[PDB]
Structures are given as structure tokens and as C-alpha cells.
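I have placed the structure first, in the form of C-alpha cells, so that the comments after it can refer back to it.
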Amino acid sequence: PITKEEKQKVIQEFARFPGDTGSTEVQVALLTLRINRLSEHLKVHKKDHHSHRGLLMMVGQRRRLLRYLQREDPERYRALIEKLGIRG
Amino acid sequence: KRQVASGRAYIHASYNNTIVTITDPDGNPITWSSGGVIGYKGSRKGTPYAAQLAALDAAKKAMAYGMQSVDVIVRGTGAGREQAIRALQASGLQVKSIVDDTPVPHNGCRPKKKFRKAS
Amino acid sequence: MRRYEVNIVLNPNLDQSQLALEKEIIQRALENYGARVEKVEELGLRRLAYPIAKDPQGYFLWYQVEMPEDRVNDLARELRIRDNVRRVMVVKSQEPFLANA
Amino acid sequence: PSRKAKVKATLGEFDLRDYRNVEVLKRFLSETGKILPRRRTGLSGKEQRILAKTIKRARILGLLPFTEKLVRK
RNA sequence: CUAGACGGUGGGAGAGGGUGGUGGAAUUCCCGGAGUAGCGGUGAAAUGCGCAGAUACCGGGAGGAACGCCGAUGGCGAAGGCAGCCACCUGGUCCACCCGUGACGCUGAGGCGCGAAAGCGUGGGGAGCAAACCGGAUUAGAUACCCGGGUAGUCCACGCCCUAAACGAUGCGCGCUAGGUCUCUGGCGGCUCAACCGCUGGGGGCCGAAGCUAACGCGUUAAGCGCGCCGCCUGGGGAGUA
């Protein structure tokens, strides 16, 4: 699982400013975190399909927030990606 | 011809026949009776009357080995199982206790068609 | 780490020594897995509702620990290895849900 | 009718989560190892649901029975 | 920008999923013990089993499969579907605070994925059950129903198949339109506490306003009043065939 520590560490590491909890950057970060763990869990447990839907959704909600980033600030976007290391 | 006195009586009821087996304080049978042991051959074998006769036959014969007191153990349900538990109480033997120990699975083997259509 | 509750039921026929030896391996085992013994209780002997290993009684050990969940499963594999150990139940500690109060 | 007495009322303030209180737990069992219905346990859907896990945990440990024989009949 | 949506902090319930572990009941078989003449089975029977000793009973062992009570009128899941306990890994979801982002939305042809049983391929397993099959009986005949056996299969793994009273016979989202009653799960609140009660949120049922409907019935879990998008019908058979 992801400890509160593990969590806030990412939240503060992405926040746009002191106290930023829901910036697109943050959200995307937290989702990238959950995804990876799940993608991991799933490298083993290739049968746990039920959890896999959960992933399809995380990946979904993420690629959809990112889509929103370009549209708005095309810079923060390229910025977030490079950082998080999304795409591939 | 051993002279036991105190023992067990197993009543095995079923919808086809009743068979009583008397035993010593720890399980080994002394004598046994059934619907067949006595007259009855087919359907008659089940009927409570037979159960009765068989119960008695069981006790009487066991009276020989000097039986007196017995613990009754009922297994299964069927054509007159209670009659057997009665013929005993009266047979002469002092019945110390009646106990239902009819086996039941915690769901193990698929039963034959005849006993399925359930769940 | 997470706070747990280890239960252990072992043979009620151990002599002062034999017993203290099994407890040895336990305490030893616990550390080997990160078990930080927060406390303990020892109701000892108790008349089981049904026989366990033919024996109608049992000796009880209760330890409330704190350890790396990623090993709690091993901790018990280990605890079950003993021959005198005839029961091992590790449980996540939980706030006492009161009732009729 | 089932109006003899609610096991809950006929008792004190206990921790439904405690799987070792053979003393109290044993109270919610039929004349067999069976767990009594709410009709008789006087517990609520939620309470009664927590009892079950506790009564079951207690069964594994050997403190509580799984099933007992019936006397009389 | 915050009324939608998403996020944060904090509470919560659950047979949601995956891996490993772990128990007892019962069936079958095997071993030991103890005991005779039948057991079994049916509407009656017979086949069958039993004196190489069966049947019921006690103890020991091996193996496979499933997991009473609780259990519900209950819960979970998108559906198919899902019910010992333990740990690990993991999905969804509700509530409180209103703290952060600031329309980041809805639907969704094709695609991709999931999708009971039976069935297929390789290997394993096989306790019980059981297509085919082998017998017994019933019958005018019995290629059936009933009874005794029994292979595939059912169980596991890996791959394939992709179907169905898969039903609430009620495509997805959103908004709007009396109540009453029972129920599962959360809440904060009222009486000095509690017991008791409140209303309030999510879910499951019943009855019913307005309304709808051919009728039956539906009735905030719509089949009502509206909007968006998808799929589908046009008559029946031929045919889900060529």
C-alpha cells in the first residue's frame, strides 16, 4: 500500500504552491503512483481481472486530466510528463 | 454365554428395513436382528411391526448373554424407528438412554440421482 | 508496521522445561521477523470446546506485537513448524467495538 | 413466539470484537454450537454481523464449539 | 468562478478480486478389532452384494471434492457471477470537514477487454456425481422415466470456445414529479447519560399520489415528465439457414 508519508511526499513534491492539494499536476502525480503500484501488483496476479478494471479507470482518469492540461497550459503539460515520466 | 449385562443397542432405521445390533460396553456385537432375520422378506421387512419384532428378538437373544441394561443409539430415519426404541424399553432391558447419532456429511459426496433434486 | 495479535495454542502436557523451551523459539522467532512484543498474556491451560490433537485441553499464549506486515505470513509459517504448536492465529489489532452500553 | 429474553439485555457491556471472552460469547450459542438469530441475540444487523466473525474466530482457537449434540428427543 | 467533475484530510462497511496457508464434518477405499445371515432396493419386486463372513458398531490410515448453523424478506460485483478461518497483495464505494484544482463534462459507431454450463487441446487429478455405455425392472414395445454399475466429463494448470427464462423478461447519463410500510448499512442530533427517539444519506422489498399503459401492470430502484448518445423492430415461415 501507499503510506500517508509515501503519499504526502508526492503531494508536496508536485503541489503548485504551499498547500496545493488538488492541482492537476498533483492529481496526475498521485494517479501515476497508484497506477504503477497496480501495474506492479498485476505483473504478478495476471488473473486478478477485477483489479485490472480499476487500473483501466485510473489510467483513464489520468489520460483525461492530462488532456485537459495541454488544452490549458501546454507548458506545465510537457513539464508534468517529463517529470512524472509519462508516455512511453 | 459370557454374561455381559451392561451394553449398547444400535438401532439402524431405514425406509426399507430396521436392524438392531446389541453390543458390549465398548462396541463388539453380541447379537443382531432385523426385518429379515424374522419372517418378513420384502416390503414387510421395513414396517414398524417388523422393527418391533426385530427389537425384541435382539433383546431376548441378548438376554441370554445375561444382558440387562443398554444404551440405545438411533441411526437414520425410517419405517418405524420409534417402535424399535419402544420394543426395547419394554423387552425387559432397562434402557439407560436413547441417542440420535444418525450420520450426516458436511457436504461431501454427490448423492445418487434418487437423492439429489435439492439445494 | 501494523499492530497485530498473535495467538498460540500448544500441548498442555509440557513440563516446566519443555514448555519454556517452546516459548524460547517463539520469542526467538518473533524478533527474527521484526515482532516488537508490545505485551503478553498467558491464560495457560483451558478446556477446549472440542479436542485438538486428541488432547481435550490446550495451553495458551497471547502476544500483541508490532511488525512488518510483509512478513506476518512467514512469522506464522515459522510458528506452526513446532510440533507442540497446535494452533497459531495472527490477527490485526482492532478498536474494541463495544455493545449494550 | 421467541419472547423468552434477549441475550443482549441479559448481559453487560461487552466488546463484540473480543474473540476470547468464552464467558460472554458462549451466551450467543444455541443449545448447539449454532449462532443464534437476531430474534434471540437481540443484537442489530451490524452488531450481529461482528459477533459471527468473533464466534467463528473463537471456534478455530478451540474456545467455542462448532456443534453440540441435542439432549432429550 | 464554483453550483458539475476531480483531488486532500479524516471516519466506515463489505461472500469485490488475486496468492499462499490452514480446519473440521461427511462419502469412498484400505488396515485392525468385535459379530451372524442376511443386507440392499421398490408400488411391489428383481438384478446386486454376503459363509473367501456381507449388513450395522469401534479404532487407525490414505485420497479427492465441497465448505451445515449464522443465512435474511441480507450483502458484493459491470455482467457472467460470488458464501470456514488466517496473512499478504489489490479494485470499487459511502460519510464528515469543506480544505485544494476550476467545466477538467455526457454519450459513445468501430476497437479492446470481461463474459455460466456444456464442449475442445496438452498435462495432472479422480472421493462423490455422471452423457455414452453395460445390466435390472416397467411396458403392447421402453432404444425413457425407476433401480445397480459406469467412461468422457465434472476438480487443477495452460491454452481455446463465446453461448444462454445471462430476468426486474424494465441500453447508459442527467434533471424534474404525494406519501405510507418493512428491511440492510453509515451519520450527526434530542431527553443531564443510556435505554428510547429524530431526522438525514446510500441499498433491498411491499403498497400506493399525479401520471403512464391495450390490458396486465408501472408508480423517486418509472414502464411518468424531459434532453443527449448507442443498439434494435417493420408482419410470420423459409432462417440465424444459403
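Lettering and numbering for the C-alpha cells are positional, with chains as A, B, ... in the shown order, residues counted from 1 in each chain, and ligands counted from 1 in the shown order.
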Pull out every residue of chain B that has at least one atom within 7 Å of chain E, counting only C-alpha atoms (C1' of nucleotides), and report them as number ranges by chain. B: 12, 21, 27-31, 36, 104-111
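Here the residues within chain D that DSSP labels helix (DSSP H, G or I) on the basis of the backbone are residues 22, 23, 24, 25, 26, 27, 28, 38, 39, 40, 41, 45, 46, 47, 48, 49, 50, 51, 52, 53, 54, 55, 56, 57, 58, 59 and 60 of chain D.
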Considering only C-alpha atoms (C1' of nucleotides), return as a ChimeraX atom specification whatever protein or nucleic-acid residues lie within 9 Å of residue 24 (chain B), sequence-local ones (same chain, fewer than 4 positions apart) excluded. /B:4-9,28-30,67,70
File of the preceding selection, N, CA, C and O atoms, as a compact mmCIF listing (two decimals), in the first residue's frame:
# COMPACT_ATOMS: atom_id res chain seq x y z
N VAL B 4 -22.64 -60.50 30.02
CA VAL B 4 -22.26 -59.10 29.90
C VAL B 4 -23.03 -58.20 30.86
O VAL B 4 -22.45 -57.60 31.76
N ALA B 5 -24.34 -58.10 30.63
CA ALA B 5 -25.23 -57.29 31.44
C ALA B 5 -25.41 -55.88 30.89
O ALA B 5 -26.46 -55.56 30.34
N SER B 6 -24.39 -55.04 31.04
CA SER B 6 -24.42 -53.66 30.56
C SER B 6 -23.88 -53.54 29.13
O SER B 6 -22.78 -54.02 28.85
N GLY B 7 -24.63 -52.90 28.24
CA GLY B 7 -24.16 -52.76 26.87
C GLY B 7 -24.88 -51.73 26.03
O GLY B 7 -25.68 -50.94 26.54
N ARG B 8 -24.59 -51.74 24.73
CA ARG B 8 -25.18 -50.82 23.76
C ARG B 8 -26.15 -51.49 22.77
O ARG B 8 -26.02 -52.67 22.45
N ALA B 9 -27.13 -50.73 22.31
CA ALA B 9 -28.09 -51.24 21.33
C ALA B 9 -28.16 -50.25 20.18
O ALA B 9 -28.57 -49.10 20.36
N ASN B 28 -18.22 -54.23 20.45
CA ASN B 28 -18.32 -55.53 19.79
C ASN B 28 -19.70 -56.15 19.96
O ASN B 28 -20.18 -56.32 21.08
N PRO B 29 -20.36 -56.46 18.85
CA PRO B 29 -21.70 -57.06 18.89
C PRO B 29 -21.84 -58.39 19.60
O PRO B 29 -20.97 -59.25 19.54
N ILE B 30 -22.96 -58.55 20.29
CA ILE B 30 -23.27 -59.78 20.99
C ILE B 30 -24.25 -60.57 20.12
O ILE B 30 -24.09 -61.77 19.91
N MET B 67 -27.60 -59.96 29.34
CA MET B 67 -27.75 -58.51 29.24
C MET B 67 -28.88 -58.06 30.15
O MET B 67 -29.77 -58.84 30.48
N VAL B 70 -28.99 -51.31 28.77
CA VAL B 70 -28.45 -50.95 27.46
C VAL B 70 -28.60 -49.48 27.16
O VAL B 70 -29.48 -48.82 27.71
Calculated over only C-alpha atoms (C1' of nucleotides), which of the candidates D:43, D:63, D:71, D:36 has the smallest distance to chain E?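 Closest residue, counting only C-alpha atoms (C1' of nucleotides): D:36.
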Between E:82, E:6, E:227, E:97, which residue has the minimum interatomic distance to chain A, considering only C-alpha atoms (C1' of nucleotides)? E:6
Residues of chain B that have any atom at most 10 Å from an atom of chain D: could you tabulate them with the shortest-distance atom pair and the distance in Å to one decimal, using only C-alpha atoms, ordered by chain and increasing number, as a tab-separated table?
residue	atom	partner	partner_atom	distance
B:97	CA	D:72	CA	9.4
B:98	CA	D:72	CA	8.4
B:99	CA	D:71	CA	8.0
B:100	CA	D:70	CA	8.4
B:101	CA	D:69	CA	8.7
With C-alpha atoms retained, export the selected residues as a PDB file, in the first residue's frame.
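Wrote again10.pdb, looks like this:
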ATOM      1  CA  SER B  97     -30.606 -43.710  27.246  1.00  0.00           C
ATOM      2  CA  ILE B  98     -31.723 -43.136  23.691  1.00  0.00           C
ATOM      3  CA  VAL B  99     -29.434 -41.122  21.421  1.00  0.00           C
ATOM      4  CA  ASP B 100     -29.645 -39.987  17.810  1.00  0.00           C
ATOM      5  CA  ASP B 101     -26.254 -40.346  16.126  1.00  0.00           C
TER       6      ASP B 101
END
Per residue of chain D within 7 Å of chain C, what are the shortest atom pair and its distance in Å to one decimal, counting only C-alpha atoms, with rows by chain and residue number, as JSON lines?
{"residue": "D:8", "atom": "CA", "partner": "C:100", "partner_atom": "CA", "distance": 6.7}
{"residue": "D:12", "atom": "CA", "partner": "C:100", "partner_atom": "CA", "distance": 6.4}
{"residue": "D:13", "atom": "CA", "partner": "C:100", "partner_atom": "CA", "distance": 4.9}
{"residue": "D:14", "atom": "CA", "partner": "C:99", "partner_atom": "CA", "distance": 5.6}
{"residue": "D:15", "atom": "CA", "partner": "C:98", "partner_atom": "CA", "distance": 4.3}
{"residue": "D:16", "atom": "CA", "partner": "C:97", "partner_atom": "CA", "distance": 5.8}
{"residue": "D:17", "atom": "CA", "partner": "C:97", "partner_atom": "CA", "distance": 5.6}
{"residue": "D:61", "atom": "CA", "partner": "C:87", "partner_atom": "CA", "distance": 6.9}
{"residue": "D:62", "atom": "CA", "partner": "C:48", "partner_atom": "CA", "distance": 5.1}
{"residue": "D:63", "atom": "CA", "partner": "C:48", "partner_atom": "CA", "distance": 5.2}
{"residue": "D:64", "atom": "CA", "partner": "C:49", "partner_atom": "CA", "distance": 5.2}
{"residue": "D:65", "atom": "CA", "partner": "C:49", "partner_atom": "CA", "distance": 4.9}
Write the residues you've just listed into a file as a compact mmCIF listing (two decimals), in the first residue's frame, and include N, CA and C atoms for each of them.
# COMPACT_ATOMS: atom_id res chain seq x y z
N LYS D 8 -28.80 -10.15 24.63
CA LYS D 8 -28.14 -8.85 24.80
C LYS D 8 -28.52 -8.21 26.13
N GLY D 12 -24.04 -7.66 30.19
CA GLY D 12 -23.43 -6.35 30.33
C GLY D 12 -22.89 -5.71 29.06
N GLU D 13 -22.02 -4.72 29.24
CA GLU D 13 -21.41 -4.00 28.12
C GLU D 13 -20.16 -4.75 27.70
N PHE D 14 -20.26 -5.53 26.62
CA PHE D 14 -19.13 -6.31 26.14
C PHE D 14 -18.58 -5.84 24.82
N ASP D 15 -17.34 -6.22 24.55
CA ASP D 15 -16.66 -5.86 23.32
C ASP D 15 -16.92 -6.94 22.28
N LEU D 16 -17.95 -6.73 21.47
CA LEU D 16 -18.32 -7.67 20.44
C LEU D 16 -17.16 -8.15 19.57
N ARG D 17 -16.05 -7.42 19.62
CA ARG D 17 -14.88 -7.74 18.80
C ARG D 17 -13.94 -8.74 19.47
N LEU D 61 -9.78 -21.26 17.49
CA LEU D 61 -8.90 -21.34 18.65
C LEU D 61 -9.25 -22.49 19.58
N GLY D 62 -10.44 -23.06 19.40
CA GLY D 62 -10.86 -24.17 20.24
C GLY D 62 -11.63 -23.77 21.48
N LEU D 63 -11.84 -22.48 21.67
CA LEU D 63 -12.57 -21.99 22.84
C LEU D 63 -14.06 -22.25 22.72
N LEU D 64 -14.59 -22.06 21.52
CA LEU D 64 -16.02 -22.28 21.26
C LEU D 64 -16.23 -23.45 20.32
N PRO D 65 -17.33 -24.18 20.50
CA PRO D 65 -17.68 -25.34 19.69
C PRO D 65 -18.19 -24.98 18.30
Sorted by chain and rising residue number, list the residues of chain E at most 10 Å from chain A (counting only C-alpha atoms (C1' of nucleotides)), each with its closest atom pair and distance in Å to one decimal, as JSON lines.
{"residue": "E:6", "atom": "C1'", "partner": "A:22", "partner_atom": "CA", "distance": 8.1}
{"residue": "E:7", "atom": "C1'", "partner": "A:22", "partner_atom": "CA", "distance": 4.3}
{"residue": "E:8", "atom": "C1'", "partner": "A:21", "partner_atom": "CA", "distance": 5.2}
{"residue": "E:16", "atom": "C1'", "partner": "A:50", "partner_atom": "CA", "distance": 7.7}
{"residue": "E:17", "atom": "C1'", "partner": "A:50", "partner_atom": "CA", "distance": 4.9}
{"residue": "E:18", "atom": "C1'", "partner": "A:48", "partner_atom": "CA", "distance": 4.6}
{"residue": "E:19", "atom": "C1'", "partner": "A:45", "partner_atom": "CA", "distance": 7.5}
{"residue": "E:77", "atom": "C1'", "partner": "A:50", "partner_atom": "CA", "distance": 9.0}
{"residue": "E:78", "atom": "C1'", "partner": "A:53", "partner_atom": "CA", "distance": 9.9}
{"residue": "E:89", "atom": "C1'", "partner": "A:41", "partner_atom": "CA", "distance": 6.6}
{"residue": "E:90", "atom": "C1'", "partner": "A:51", "partner_atom": "CA", "distance": 6.2}
{"residue": "E:91", "atom": "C1'", "partner": "A:51", "partner_atom": "CA", "distance": 4.2}
{"residue": "E:92", "atom": "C1'", "partner": "A:54", "partner_atom": "CA", "distance": 7.4}
{"residue": "E:99", "atom": "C1'", "partner": "A:21", "partner_atom": "CA", "distance": 8.5}
{"residue": "E:100", "atom": "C1'", "partner": "A:22", "partner_atom": "CA", "distance": 4.4}
{"residue": "E:101", "atom": "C1'", "partner": "A:23", "partner_atom": "CA", "distance": 4.4}
{"residue": "E:102", "atom": "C1'", "partner": "A:23", "partner_atom": "CA", "distance": 9.5}
{"residue": "E:104", "atom": "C1'", "partner": "A:68", "partner_atom": "CA", "distance": 5.6}
{"residue": "E:113", "atom": "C1'", "partner": "A:53", "partner_atom": "CA", "distance": 9.2}
{"residue": "E:114", "atom": "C1'", "partner": "A:49", "partner_atom": "CA", "distance": 8.2}
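Contacts from chain D to chain E at a cut-off of 8 Å (only C-alpha atoms (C1' of nucleotides)) map to residues 33, 34, 35, 36, 37, 45, 46, 52, 56, 57 and 60 of chain D.
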Write out, as JSON lines, each residue of chain C that has an atom at most 12 Å from chain A, together with the closest pair of atoms and their distance in Å to one decimal, counting only C-alpha atoms, rows going by chain and rising number.
{"residue": "C:1", "atom": "CA", "partner": "A:3", "partner_atom": "CA", "distance": 10.3}
{"residue": "C:2", "atom": "CA", "partner": "A:3", "partner_atom": "CA", "distance": 11.6}
{"residue": "C:69", "atom": "CA", "partner": "A:1", "partner_atom": "CA", "distance": 10.7}
{"residue": "C:70", "atom": "CA", "partner": "A:1", "partner_atom": "CA", "distance": 10.6}
Write the residues of the selection above to a file with N, CA, C and O atoms, as an mmCIF file, in the first residue's frame.
data_model
loop_
_atom_site.group_PDB
_atom_site.id
_atom_site.type_symbol
_atom_site.label_atom_id
_atom_site.label_comp_id
_atom_site.auth_asym_id
_atom_site.auth_seq_id
_atom_site.Cartn_x
_atom_site.Cartn_y
_atom_site.Cartn_z
ATOM 1 N N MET C 1 4.777 -0.304 9.828
ATOM 2 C CA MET C 1 4.385 -1.525 10.582
ATOM 3 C C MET C 1 2.926 -1.465 11.017
ATOM 4 O O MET C 1 2.321 -0.396 11.039
ATOM 5 N N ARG C 2 2.372 -2.624 11.359
ATOM 6 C CA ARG C 2 0.990 -2.725 11.807
ATOM 7 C C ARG C 2 0.950 -3.509 13.119
ATOM 8 O O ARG C 2 1.752 -4.423 13.326
ATOM 9 N N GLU C 69 4.162 -6.024 8.111
ATOM 10 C CA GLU C 69 3.105 -6.862 7.562
ATOM 11 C C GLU C 69 3.599 -7.775 6.445
ATOM 12 O O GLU C 69 3.110 -8.895 6.294
ATOM 13 N N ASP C 70 4.568 -7.303 5.672
ATOM 14 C CA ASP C 70 5.108 -8.086 4.565
ATOM 15 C C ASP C 70 5.727 -9.419 4.998
ATOM 16 O O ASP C 70 6.195 -10.191 4.155
#
Selected residue, from B:16, B:118, B:95, B:102, that lies nearest to residue 41 (chain B) when counting only C-alpha atoms: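 Between B:16, B:118, B:95, B:102, the residue approaching residue 41 (chain B) most closely is B:16.
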For chain E, report every residue with an atom at most 10 Å from chain C (counting only C-alpha atoms (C1' of nucleotides)), formatted as a list in words.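 Selected residues: residues 20, 21, 22, 85, 86, 87, 88, 89, 194 and 195 of chain E.
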What does the file look like for those residues with N, CA, C and O atoms (P, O5', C5', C4', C3', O3' and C1' of nucleotides), as a PDB file, in the first residue's frame?
ATOM      1  P     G E  20      -1.256 -20.328  -5.009  1.00  0.00           P
ATOM      2  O5'   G E  20      -0.733 -20.324  -3.501  1.00  0.00           O
ATOM      3  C5'   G E  20       0.678 -20.267  -3.220  1.00  0.00           C
ATOM      4  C4'   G E  20       0.928 -19.924  -1.769  1.00  0.00           C
ATOM      5  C3'   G E  20       0.420 -20.881  -0.699  1.00  0.00           C
ATOM      6  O3'   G E  20       1.225 -22.026  -0.461  1.00  0.00           O
ATOM      7  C1'   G E  20      -0.081 -18.662  -0.066  1.00  0.00           C
ATOM      8  P     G E  21       0.514 -23.404  -0.022  1.00  0.00           P
ATOM      9  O5'   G E  21       0.004 -23.149   1.469  1.00  0.00           O
ATOM     10  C5'   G E  21       0.952 -23.017   2.536  1.00  0.00           C
ATOM     11  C4'   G E  21       0.338 -22.351   3.743  1.00  0.00           C
ATOM     12  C3'   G E  21      -0.559 -23.177   4.650  1.00  0.00           C
ATOM     13  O3'   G E  21       0.176 -23.964   5.573  1.00  0.00           O
ATOM     14  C1'   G E  21      -1.542 -21.062   4.278  1.00  0.00           C
ATOM     15  P     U E  22      -0.247 -25.495   5.822  1.00  0.00           P
ATOM     16  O5'   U E  22      -1.547 -25.411   6.732  1.00  0.00           O
ATOM     17  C5'   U E  22      -1.473 -24.845   8.030  1.00  0.00           C
ATOM     18  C4'   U E  22      -2.808 -24.293   8.430  1.00  0.00           C
ATOM     19  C3'   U E  22      -3.902 -25.303   8.696  1.00  0.00           C
ATOM     20  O3'   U E  22      -3.815 -25.761  10.029  1.00  0.00           O
ATOM     21  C1'   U E  22      -4.748 -23.517   7.381  1.00  0.00           C
ATOM     22  P     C E  85     -14.999 -17.005   7.635  1.00  0.00           P
ATOM     23  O5'   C E  85     -13.650 -17.162   8.466  1.00  0.00           O
ATOM     24  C5'   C E  85     -13.666 -17.465   9.867  1.00  0.00           C
ATOM     25  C4'   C E  85     -12.294 -17.894  10.296  1.00  0.00           C
ATOM     26  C3'   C E  85     -11.178 -16.954   9.876  1.00  0.00           C
ATOM     27  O3'   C E  85     -11.012 -15.836  10.735  1.00  0.00           O
ATOM     28  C1'   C E  85     -10.599 -19.157   9.276  1.00  0.00           C
ATOM     29  P     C E  86     -10.273 -14.526  10.177  1.00  0.00           P
ATOM     30  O5'   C E  86      -8.787 -15.021   9.914  1.00  0.00           O
ATOM     31  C5'   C E  86      -7.949 -15.442  10.995  1.00  0.00           C
ATOM     32  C4'   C E  86      -6.545 -15.644  10.504  1.00  0.00           C
ATOM     33  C3'   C E  86      -6.017 -14.527   9.627  1.00  0.00           C
ATOM     34  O3'   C E  86      -5.570 -13.413  10.376  1.00  0.00           O
ATOM     35  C1'   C E  86      -5.516 -16.612   8.632  1.00  0.00           C
ATOM     36  P     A E  87      -5.708 -11.942   9.747  1.00  0.00           P
ATOM     37  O5'   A E  87      -4.394 -11.800   8.860  1.00  0.00           O
ATOM     38  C5'   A E  87      -3.106 -11.833   9.470  1.00  0.00           C
ATOM     39  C4'   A E  87      -2.055 -12.147   8.443  1.00  0.00           C
ATOM     40  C3'   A E  87      -1.952 -11.199   7.260  1.00  0.00           C
ATOM     41  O3'   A E  87      -1.198 -10.026   7.522  1.00  0.00           O
ATOM     42  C1'   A E  87      -1.927 -13.426   6.487  1.00  0.00           C
ATOM     43  P     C E  88      -1.569  -8.666   6.745  1.00  0.00           P
ATOM     44  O5'   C E  88      -0.846  -8.811   5.336  1.00  0.00           O
ATOM     45  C5'   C E  88       0.556  -9.031   5.255  1.00  0.00           C
ATOM     46  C4'   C E  88       0.925  -9.441   3.856  1.00  0.00           C
ATOM     47  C3'   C E  88       0.443  -8.517   2.753  1.00  0.00           C
ATOM     48  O3'   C E  88       1.325  -7.423   2.549  1.00  0.00           O
ATOM     49  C1'   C E  88      -0.073 -10.752   2.191  1.00  0.00           C
ATOM     50  P     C E  89       0.729  -6.010   2.052  1.00  0.00           P
ATOM     51  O5'   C E  89       0.326  -6.292   0.541  1.00  0.00           O
ATOM     52  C5'   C E  89       1.336  -6.619  -0.413  1.00  0.00           C
ATOM     53  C4'   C E  89       0.716  -6.966  -1.732  1.00  0.00           C
ATOM     54  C3'   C E  89      -0.321  -5.994  -2.250  1.00  0.00           C
ATOM     55  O3'   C E  89       0.237  -4.855  -2.863  1.00  0.00           O
ATOM     56  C1'   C E  89      -1.123  -8.188  -2.498  1.00  0.00           C
ATOM     57  P     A E 194     -26.749   9.334  25.236  1.00  0.00           P
ATOM     58  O5'   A E 194     -27.159   7.865  25.700  1.00  0.00           O
ATOM     59  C5'   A E 194     -26.129   6.898  25.999  1.00  0.00           C
ATOM     60  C4'   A E 194     -26.695   5.721  26.756  1.00  0.00           C
ATOM     61  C3'   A E 194     -27.883   5.036  26.109  1.00  0.00           C
ATOM     62  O3'   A E 194     -27.461   4.061  25.168  1.00  0.00           O
ATOM     63  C1'   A E 194     -28.336   5.447  28.402  1.00  0.00           C
ATOM     64  P     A E 195     -28.318   3.845  23.835  1.00  0.00           P
ATOM     65  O5'   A E 195     -29.628   3.116  24.377  1.00  0.00           O
ATOM     66  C5'   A E 195     -29.537   1.811  25.002  1.00  0.00           C
ATOM     67  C4'   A E 195     -30.806   1.469  25.773  1.00  0.00           C
ATOM     68  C3'   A E 195     -32.138   1.627  25.060  1.00  0.00           C
ATOM     69  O3'   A E 195     -32.453   0.523  24.244  1.00  0.00           O
ATOM     70  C1'   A E 195     -32.289   2.556  27.219  1.00  0.00           C
TER      71        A E 195
END
List as a count of residues only the protein and nucleic acid residues near residue 7 (chain D), meaning an atom at most 8 Å away when only C-alpha atoms (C1' of nucleotides) are counted, but skip any in the same chain fewer than 4 places from it. 6
Run DSSP on the backbone and grab whatever in chain C lands in strand (DSSP E or B); send it over as a ChimeraX atom specification. /C:2-10,39-52,55-64,66-67,85-92,98-99
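For the atom pair formed by CA of residue 47 (chain B) and CA of residue 18 (chain B), the distance is 8.2 Å, given to one decimal.
With only C-alpha atoms as the atoms that count, the residue of D:54, D:3, D:49, D:44 with the shortest distance to residue 24 (chain D) is D:54.
Across the structure, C1' of residue 149 (chain E) and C1' of residue 47 (chain E) are spaced 10.7 Å apart.
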